[PDB]
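Protein sequence lines correspond, in order, to chains D and A. What the first sequence shows, in PDB author numbering, is residues 1 to 339, in sequence order. What the second sequence shows, in PDB author numbering, is residues 1 to 339, in sequence order. The block underneath contains the structure these notes are about, expressed in structure tokens.
Number of protein chains: 2
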Amino acid sequence: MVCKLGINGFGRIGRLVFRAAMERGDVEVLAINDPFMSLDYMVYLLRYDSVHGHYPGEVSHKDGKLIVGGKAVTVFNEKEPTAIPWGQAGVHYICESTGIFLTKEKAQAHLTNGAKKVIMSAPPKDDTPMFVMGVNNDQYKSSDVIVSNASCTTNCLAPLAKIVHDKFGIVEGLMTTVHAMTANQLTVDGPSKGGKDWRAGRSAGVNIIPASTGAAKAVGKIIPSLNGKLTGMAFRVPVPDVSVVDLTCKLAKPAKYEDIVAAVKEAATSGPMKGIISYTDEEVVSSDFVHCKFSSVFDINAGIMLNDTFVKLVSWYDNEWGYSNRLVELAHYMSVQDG
Amino acid sequence: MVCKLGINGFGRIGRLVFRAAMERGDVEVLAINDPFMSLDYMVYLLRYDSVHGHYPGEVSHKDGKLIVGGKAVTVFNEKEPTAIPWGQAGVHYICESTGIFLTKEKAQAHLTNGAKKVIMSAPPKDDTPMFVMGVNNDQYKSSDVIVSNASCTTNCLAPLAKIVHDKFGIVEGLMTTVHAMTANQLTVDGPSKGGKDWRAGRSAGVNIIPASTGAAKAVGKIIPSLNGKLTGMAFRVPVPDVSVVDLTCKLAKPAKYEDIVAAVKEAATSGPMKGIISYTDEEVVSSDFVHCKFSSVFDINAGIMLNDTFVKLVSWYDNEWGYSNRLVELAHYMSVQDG
Ligand SMILES: NC(=O)c1ccc[n+]([C@@H]2O[C@H](COP(=O)([O-])OP(=O)(O)OC[C@H]3O[C@@H](n4cnc5c(N)ncnc54)[C@H](O)[C@@H]3O)[C@@H](O)[C@H]2O)c1
Ligand SMILES: NC(=O)c1ccc[n+]([C@@H]2O[C@H](COP(=O)([O-])OP(=O)(O)OC[C@H]3O[C@@H](n4cnc5c(N)ncnc54)[C@H](O)[C@@H]3O)[C@@H](O)[C@H]2O)c1
Ligand code: NA
Ligand code: NA
């Protein structure tokens, strides 16, 4: 209809969600909030991107508002969610892309002056429900006031896992994501914030860096029958964007590799994963997915079967752009369902 | 009692095999052949290294010979192996590290004028026997005139595979190696030599690049009971050296993770894999293994078990330095057994 969107935290995800939203005819961005940047600064970070190129349209400001392609967007600079007048901007759905309000109690604070619902741009730290478009978004209810769009990796893996589990049955699986660098990593060796994850504090540009991830386990929440049947981990490597899922799983039913390819192709061509999952049989590398909108691109030639029940599947994802498009689509999906 | 070594192809492996041979009194490098570098250029490439630091010692040349650590080394610049006078230079064992002579018929060209044996610094294209020190080098026979030291990845995987297979049994496994950049890759997008590996010719510094590899299947040759039970693939990523094995396997006997750790520690501490396999429980990243001599360093904290028979195990390797040490160790072992 028109999804009336607001964005909290104008970072990689906030700015790309903004761009995706601007591209859609059925979503409008009515407000932005980020206290670590002025208007001139926002204009700059929106104009230029080291990965996704120049903003496709003129960006400026006037009378305290951001002006993008003729449209005015209201701007706030509040540290604390409760102090953001979203209702006065007419915002309904909030993209919560700061990375630090990942509980219901915290995200709730956005909803006391007129806004309707919050979509977390990360997996929740509590039992907030996660949705992955094309996999379980039909489970959303209009009483789900706070929701999460999961992670980039979960959006890559869940669609592939659904197809394989539905057609052949996954007995058990272990996942690795070889993942692009992110904002929480450091340029040179130093202390990670909170002292959480020491490996993340080591020079990003010159290291392969192991990392924990709940993303495969999270597929167990998206696809309940796989709870306890999937987990995994990550290696962070020196590229600025684009990642790849490497899923090793045992199948319940024997398959030729061509049967798995056909099932993916079928899911990509029509039904709920059209525009979500895709495939390639070409000799692709990660830069080939810069600014690719899909959640998951199955790499036909990269995968390998040991035998007819034990297989290693490969699927690409632009962790930044794919995820940001899914989040906007989830916001729009909720807006339609809510009436 | 000295292994008289020659080096064909003075590359990453050639020059590091040279360093390793210089750190032991029971191996001498008597001659080097590389037709793509003058004597002056050889001195330069040996002096300086982007990953392993300056050569530790004076390098010069005099009367047509490379002069290192007081010793004189004979230098040739021949493209055709049959033109290299190994015999006259006093060479017995040849480190064949050019990348292009990986069949018996081709490697035999080194043995026409007085040399005894050739060691391929890569897996062969034919049925040439492969050996991994600490795993199956005792299968070596003095009649094996042409042999291979396998690959860096096989040297990292085989020791780990042996330990897990002997202690718990490997029903099946699939391996990924996240691998440092190599000389066969290109700096910017272009055509790979022979038009073979298209992905490998894509800009190395800005891509995660899938690659095929027989390194896991080769473990089935090193450890015959695992023939047909292991394979895998690789992703080449933008680091200059150091790689890591990610092995997903199904065990025959149930195990707690601590049992796998204990098994690896025992093998690292005494017996045939002392000096071959090691372990860490620290928050390491790839650069911590630059100039690490081990074939395989088990990363205790990076591993993850889904359940008591399905596990993902992680092991680091300095693909240049670990491998180069193993090759020299293999050449020496051969010289001793040959008498
Ligand atoms: N590939 C990806 O980059 C990716 C994919 C999926 C999910 N995510 C998740 O999305 C979230 C944001 O990630 P990102 O990559 O955009 O990080 P980022 O560092 O680029 O964005 C963070 C932004 O939030 C702003 N911010 C900080 N405190 C704020 C506050 N109190 N109020 C309002 N704004 C505030 C910062 O100024 C910054 O602009 C994280 O939870 C991350 O894990 C990232
Ligand atoms: N991580 C590694 O670099 C690594 C690890 C294990 C095995 N290997 C294998 O070892 C071999 C060498 O690898 P590298 O990384 O040292 O490659 P490299 O390109 O650094 O070295 C190859 C050298 O051989 C020389 N050469 C080319 N043609 C020759 C000829 N006709 N006669 C003599 N020399 C010639 C080149 O000038 C070059 O110096 C390859 O088979 C490779 O797969 C490499
Ligand atoms: Na729009
Ligand atoms: Na020596």
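Beta carbons are placed, not taken as given, at the ideal position from N, Cα and C, and that holds for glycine.
Proximal residues of chain D, C-beta to C-beta of residue i below 8 Å
{"i": "residue 153/A", "result": "Neighbours of residue 153/A on chain D: none; closest Cβ ~14 Å, over 8 Å."}
{"i": "residue 202/A", "result": "285, 287"}
{"i": "residue 231/A", "result": "304, 306"}
{"i": "residue 299/A", "result": "210"}
{"i": "residue 184/A", "result": "Per Cβ cutoff of 8 Å: no residues; residue 184/A is ~15 Å from chain D at best."}
{"i": "residue 51/A", "result": "In chain order: nothing, as chain D lies at least about 11 Å away."}
{"i": "residue 101/A", "result": "The premise fails here: residue 101/A is roughly 27 Å from chain D at the closest Cβ pair, so nothing lies under 8 Å."}
Residue i Cβ short of 8 Å to ligand 4 heavy atom set
{"i": "residue 72/A", "result": "no"}
{"i": "residue 22/A", "result": "yes"}
{"i": "residue 25/A", "result": "yes"}
Residue i, enclosing alpha helix (DSSP H) - first and last residue
{"i": "residue 260/D", "result": "257 to 269"}
{"i": "residue 86/A", "result": "86 to 89"}
{"i": "residue 334/A", "result": "321 to 338"}
{"i": "residue 40/A", "result": "39 to 47"}
{"i": "residue 22/A", "result": "12 to 22"}
{"i": "residue 216/A", "result": "215 to 222"}
{"i": "residue 107/D", "result": "104 to 108"}
Partner residues on chain A for residue i, Cβ-Cβ distance less than 8 Å
{"i": "residue 199/D", "result": "283, 284, 285"}
{"i": "residue 172/D", "result": "306, 307, 310"}
{"i": "residue 207/D", "result": "239, 285, 286, 287"}
{"i": "residue 18/D", "result": "Chain A residues near residue 18/D: none, gap ~25 Å exceeds 8 Å."}
Per-residue burial, residue i [other beta carbons within 10 Å of its own, 16 or more giving buried]
{"i": "residue 132/D", "result": "buried"}
{"i": "residue 94/D", "result": "buried"}
{"i": "residue 36/D", "result": "exposed"}
{"i": "residue 100/D", "result": "exposed"}
{"i": "residue 323/D", "result": "buried"}
{"i": "residue 336/A", "result": "exposed"}
{"i": "residue 329/D", "result": "buried"}
{"i": "residue 139/A", "result": "exposed"}
{"i": "residue 70/D", "result": "exposed"}
{"i": "residue 2/A", "result": "exposed"}
{"i": "residue 188/A", "result": "exposed"}
{"i": "residue 44/A", "result": "exposed"}
{"i": "residue 34/D", "result": "buried"}
{"i": "residue 250/A", "result": "buried"}
Within chain A, partners of residue i - CB distance below 7 Å
{"i": "residue 176/D", "result": "176, 246"}
{"i": "residue 168/D", "result": "What residue 168/D touches in chain A: nothing, since even the nearest Cβ is about 16 Å away."}
{"i": "residue 314/D", "result": "210"}
{"i": "residue 294/D", "result": "Near residue 294/D there are no residues of chain A at all, since even the closest Cβ is about 17 Å away, more than 7 Å."}
Distance cut-off 8 Å: residue i Cβ against heavy atoms of ligand 1
{"i": "residue 37/D", "result": "yes"}
{"i": "residue 63/D", "result": "no"}
{"i": "residue 6/D", "result": "no"}
{"i": "residue 151/D", "result": "yes"}
Distance cut-off 8 Å: residue i Cβ against heavy atoms of ligand 3
{"i": "residue 336/D", "result": "no"}
{"i": "residue 178/D", "result": "no"}
{"i": "residue 29/D", "result": "yes"}
Per-residue contacts from residue i into chain D (C-beta, under 9 Å)
{"i": "residue 251/A", "result": "By Cβ distance, chain D contributes nothing, its closest Cβ being about 12 Å from residue 251/A, past 9 Å."}
Endpoints, beta strand (DSSP E) assigned at residue i
{"i": "residue 186/A", "result": "Here residue 186/A belongs to no beta strand (DSSP E), and DSSP marks it neither H nor E."}
{"i": "residue 154/D", "result": "Segment 152 to 167 is the alpha helix (DSSP H) holding residue 154/D; no beta strand (DSSP E) there."}
{"i": "residue 234/A", "result": "230 to 236"}
{"i": "residue 140/D", "result": "First-last for residue 140/D: undefined, no H or E at that position."}
{"i": "residue 8/D", "result": "3 to 8"}
{"i": "residue 306/D", "result": "304 to 307"}
{"i": "residue 355/D", "result": "Outside the displayed span of chain D (1 to 339) sits residue 355/D, for which this structure offers no information."}
{"i": "residue 60/A", "result": "59 to 62"}
{"i": "residue 149/A", "result": "From DSSP, residue 149/A is part of no beta strand (DSSP E); its letter is neither H nor E."}
{"i": "residue 318/D", "result": "Here residue 318/D belongs to no beta strand (DSSP E), and DSSP marks it neither H nor E."}
{"i": "residue 120/D", "result": "117 to 120"}
{"i": "residue 209/D", "result": "209 to 212"}
{"i": "residue 173/A", "result": "170 to 179"}
Any non-hydrogen atom of ligand 2 within 8 Å of residue i CB
{"i": "residue 156/A", "result": "no"}
{"i": "residue 98/A", "result": "yes"}
{"i": "residue 234/A", "result": "no"}
{"i": "residue 323/A", "result": "yes"}
{"i": "residue 319/A", "result": "yes"}
{"i": "residue 225/A", "result": "no"}
Any non-hydrogen atom of ligand 5 closer than 8 Å to residue i Cβ
{"i": "residue 240/A", "result": "Ligand 5 is absent from the structure shown, which contains only ligand 1, ligand 2, ligand 3 and ligand 4."}
Chain-ordered chain A contacts of residue i [CB-CB under 9 Å]
{"i": "residue 242/D", "result": "207, 208"}
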